[PDB]
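Starting off, we have a lone chain in the form deposited in one PDB entry, written out as structure tokens.
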């Protein structure tokens, strides 16, 4: 319990230092299993739990020396916090000066002063391993960079057709706890963010027991260590006050921002259940509040003397009251988000996984990220996805028509388009999250699989143009290998299917002569 204050806040804050990681909180940063409150468009009050342990001892490694000039954001030491994440100790924003005192390498609890700064005025400021920040105020930076670098998820359909930029905003149908899809989980463990902030919301019956003691069992697939060691969990149980629940995304995003400020890429994942709020013109103003939340996502040049970049990418769950999706909460979210991954019950029923509707999803980041793909992975990345999408669009038009008149009148050419689009769906869009190889698809593998498919397309259309029956192309032996390539770990073996496709078709050009 702290001091009273007048005007849009009783100074609603969060603490930021060692032991944010592996920890489980509520909407206002009190630990696992803490109590009840009430709201205020002005003020709020609390009860009895802390946030970061004062008894715990941390190894502090000094990174600056007496006489160093420093600014807000400068890194003055390093604390090895889990086996995955080094915590970087930063001068809080608004503090500038000369370091007059700094702790030696040793072991200290968080309340110990580990540095002292003399400001230009002459005021001595005392620095600890943690800092406080008002959750409702965006934590500052030098510059918000334009969308440029993709957040690589390793999921083909997302990275290729509906990319997320680092610092970008994405929505997906919720709740995350839904067992109908596993993309939500793939996103958390595979995205190339070092740190994950997860706001598991609603959580009923067992949806707080799933998130209880299986997450401690969860392995981070990139290290073999527990995912919790690079995660901060924020819980929103149905038995929590609506004021803490409302506040949770501000607490979450502030902790995210705090990890960007160190130079980390951070993924913030916000769960949502049937109307997660009733606290906080009073339809339009809530919309405006949400925009501001989402506006705190971004990749930034951080505060500090060194040039340094970090990001918060936001993935928000969308779960309308009636499963309508013409409800306010979804239309509001979709007005601000740049990416929508349309999880589709009809795709799931057919067991097309991940169940992302390739016709109703969208990303506004394709142009933003193309240059990174072209320069680092493949100069044709963008021409290739466009081509594959145009194929999927055509297939969709054809299927509509064939719904009306049936398939018997299809020309060879249209049958070919359907054959190759089916291969695109089955061999590329579909991905096996339960397979030891296909659970992750590196960028290099993604473009090579695409070249294999599009080269098959080119060759199919050329062959048909020279009178090769489609039936003969449909049973080309390479097709079966193309269908299995998602399971191959050696990318050079996948690449070699290009020549193999080429020669096989030659054996067909020659079997038909002209």
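Throughout, rigid core stands for the largest set of C-alpha atoms superposing within 1.5 Å between the two forms. Positions refer to the first chain, counted from 1.
The next section is about a form of this same protein that is not shown, the form deposited in another entry.
Against the rigid core, a Cα displacement of 2 Å or more between this form and the one not shown applies to just one of 96, 395, 412, 207. Which?
The answer here is 207.
Honestly, after the rigid core fit, is residue 45 moving at least 2 Å at Cα between this form and the one not shown?
Result for residue 45: yes, a 2 Å-plus shift.
Inspect the rigid-core superposition and answer whether the C-alpha of residue 219 shifts by 2 angstroms or more between this form and the one not shown.
No, residue 219 moves less than 2 Å.
Could you check, with the core superposed, whether the Cα atom of residue 275 shifts 2 Å or more between this form and the one not shown?
Passes the 2 Å threshold, so yes.
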